[PDB]
Amino acid sequence: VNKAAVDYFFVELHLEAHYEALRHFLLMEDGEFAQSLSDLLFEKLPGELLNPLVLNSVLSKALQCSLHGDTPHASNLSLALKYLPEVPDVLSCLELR
Amino acid sequence: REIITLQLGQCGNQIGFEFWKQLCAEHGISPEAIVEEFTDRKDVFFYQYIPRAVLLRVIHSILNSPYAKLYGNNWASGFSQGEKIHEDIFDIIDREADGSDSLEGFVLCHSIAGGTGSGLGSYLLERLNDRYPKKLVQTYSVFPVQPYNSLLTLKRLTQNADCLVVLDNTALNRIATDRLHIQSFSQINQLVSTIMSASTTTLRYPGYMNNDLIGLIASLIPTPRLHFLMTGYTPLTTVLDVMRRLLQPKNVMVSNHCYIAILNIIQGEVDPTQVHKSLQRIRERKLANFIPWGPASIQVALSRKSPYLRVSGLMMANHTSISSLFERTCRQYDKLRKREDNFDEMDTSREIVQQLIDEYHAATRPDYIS
Amino acid sequence: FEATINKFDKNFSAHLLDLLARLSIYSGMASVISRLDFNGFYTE
Ligand SMILES: Nc1nc2c(ncn2[C@@H]2O[C@H](COP(=O)(O)OP(=O)(O)O)[C@@H](O)[C@H]2O)c(=O)[nH]1
């Protein structure tokens, strides 16, 4: 049963793909993506850069410049936030789930 | 960010051709510029396939080659011809410039051995700094009245080209007779094209670090003056085998002294767990010497070979021993200065390089600052 | 007449600025502003 349970994951649901895909996006392993996401956000720097009209859309503009992705895996990249910044430091809190 | 190449003279058009053959072989691109059935981003060099080539006699045989579907002897005369076709040739550059999405640099393949291109190379770099001030330029110059045309172009390359990869035919032929046993031109360039191909391994294949041409050059070149590099390519087997065979003067493509920064590119599927171990053994045996003033290190990054085509490796370094090569050249000039409208440009050229030869010899002292 | 053309201006331009004020306050409904003004006009 167990050998048939683990095998069911790889050859049918692509567990080996999800790991080698989340690393392409979260851990920023795939270049031309972090070098295109961070490069866009850093061009701006308050009330701007915080509404879902720019940061929820900068991702859909980022994936096009990735040259790797645009698959069913490539979706589900909710570029959300977890704090409202007021205003030289080295901090810009932002998640990517 | 797109990259575009320019090839001048007889030499540049020859090695650039084989550079286009070897690169076209890396991807599944037929000689007829058509993709066959048979990950790799092929958009930086190719434009939908069409290569961003600019070719300036042998051109006839180049079109006579199966890859047709893939597109005097003085210095002042080479500079004059560049002025007579100033606007005529430049339109090709502009239409290829903005027609491209975002230009990043300008790869220049040319020779300085007294050819019409050697002057032709001097002119283009002056204008490339005139029109586009935000565009990097890289040049893979190659070294051999020959003292004249050589020392002159050095006056332009030290203030226009923000980077440079030197290749001297002398140290190349030593490799030719020893490990290929040729005793021709199309024979040595086989290895030369190999150096350039692997030089852009981190560009055509995406990686984490160094995903752009400014990612490689900004670390090595410390000042806009000390901007000269040398190369190494060992496969001609673990990581400690590669880096140790690279540091030997038998492999360097150049004819106190110490390094400023090294870059080693590994293309194999080697086990990345031992890459730190090889770094320890190189340090403890003290096989290489660095600058004393600032903390200078050696950097390594990994990538993957072309799956269509074994552990390869490239070594890129900025060694102050490159100063000796210039001393060989300029010494010949003074001897030709006493043996043979104003002859004043040749003066400032000899003047400015002697400032560079002073700038290298001053970097090896523990008090290089101020 | 000449005092009526300028009367339409202050009346229409004020009504237009009410639109872009409400079209902008949201979470396309945002790209419409880039269609209304293109020269940075109506930047008030
Ligand atoms: N490294 C290398 N140098 C070359 C090659 N072919 C020609 N050269 C150099 O080019 C120089 C001759 O230039 P030439 O072709 O006469 O100049 P042009 O007639 O103005 O193009 C020689 O001094 C060679 O050193 C080559 O395949 N490899």
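Residues numbered from 1 in each chain as written, not as in the entry; some residues may be left out. Chains lettered and ligands numbered in written order. Part of a larger assembly, values for the part shown. Heavy atoms only, no water. Residues with missing side-chain atoms left out of burial classes, pairs and counts.

- Structure determination for the deposited model, as stated in its record, used cryo-EM, and the stated resolution is 4.3 Å.

## Comments concerning the site of the ligand
All names here are of chain B.
(1) Moving on: As a structural note, the neighbourhood of the ligand is formed by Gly 9, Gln 10, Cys 11, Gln 14, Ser 111, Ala 113, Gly 115, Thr 116, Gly 117, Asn 169, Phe 185 and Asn 189.
(2) Moving on: Between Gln 10 and the ligand, the recorded distance is 2.6 Å, taken from a side-chain N or O atom to an oxygen atom.
(3) Moving on: Considering the ligand on its own, with 590 Å² of exposed area, one finds that the protein chains cover 76% of that surface.
(4) Moving on: Elements supplying a minimum of two residues to the shell around the ligand: α1 (9–26), α5 (116–131) and α8 (185–199).
(5) Moving on: If one sorts the elements of the shell around the ligand by residue count, α1 sits on top with 4 residues.
(6) Moving on: Of the residues belonging to the shell around the ligand, the class tally is 3 nonpolar, 9 polar and no charged. (Near = heavy atom within 4 Å. Polar contact = N/O pair within 3.5 Å; in protein donor to acceptor, adjacent residues only side chain to side chain. Areas by Shrake-Rupley, 256 points an atom, 1.4 Å probe, with all protein chains shown as cover. Helix = DSSP H or I, 4+ residues; strand = E, 2+ residues; numbered from the N terminus. Nonpolar A, V, L, I, M, F, W, Y, C, P; charged D, E, K, R; others polar.)

## A few points about the packing of aromatic side chains
(1) Moving on: Enumeration over the complete set of coordinates arrives at 18 aromatic pairs over all chains.
(2) Moving on: For the pair A:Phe25 and A:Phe33, a centre-to-centre distance of 5.4 Å together with 55° between the ring planes defines the contact as tilted.
(3) Moving on: Overall, A:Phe33 belongs to the buried group, its relative accessible area being 1%.
(4) Moving on: Consider the rings of B:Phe38 and B:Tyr308, whose centres lie 5.6 Å apart with planes at 50°: the pair is tilted. (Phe/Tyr/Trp six-rings, centres within 6.5 Å; stacked < 30°, edge-to-face > 60°. Buried < 20%, exposed > 50% of the residue type's maximum accessible area, 1.4 Å probe, protein only.)

## A few points about the sheet that holds strand β9 (residues 259–266) of chain B
All names here are of chain B.
(1) Moving on: The strand order across the open sheet built from 4 strands is β8-β11-β9-β10, with neighbouring strands paired in mixed fashion. Both edges of this open sheet fall to β8 (230–233) and β10 (298–302), since each of them pairs with a single strand only. Direction aside, the axes of adjacent strands within the sheet are offset by 15° on average.
(2) Moving on: Relative to β10, β9 runs parallel, the two sharing 5 bridges. Across the sheet, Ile 265 pairs through a bridge with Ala 301, a residue of β10.
(3) Moving on: Where helix α11 (residues 239–246) meets the sheet, it contacts β8, β9, β10 and β11 (313–319), and its direction lies at approximately 40° from that of β11. (Pairing = 2+ DSSP bridges. Axes fitted to C-alpha atoms, helices over the stretch in contact; angles between N-to-C directions. Contact = heavy atoms within 4.5 Å.)

## Details of the sheet that holds strand β1 (residues 2–7) of chain B
All names here are of chain B.
(1) Moving on: The strand order across the open sheet formed by 3 strands is β1-β4-β5, and the pairing between neighbours is parallel. The open sheet is flanked by β1 and β5 (138–139), the only strands paired with a single partner.
(2) Moving on: When β1 meets strand β4 (residues 103–109), the two strands line up parallel, connected through 6 bridges. The residue bridging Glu 2 from the neighbouring strand is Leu 103, located in β4.

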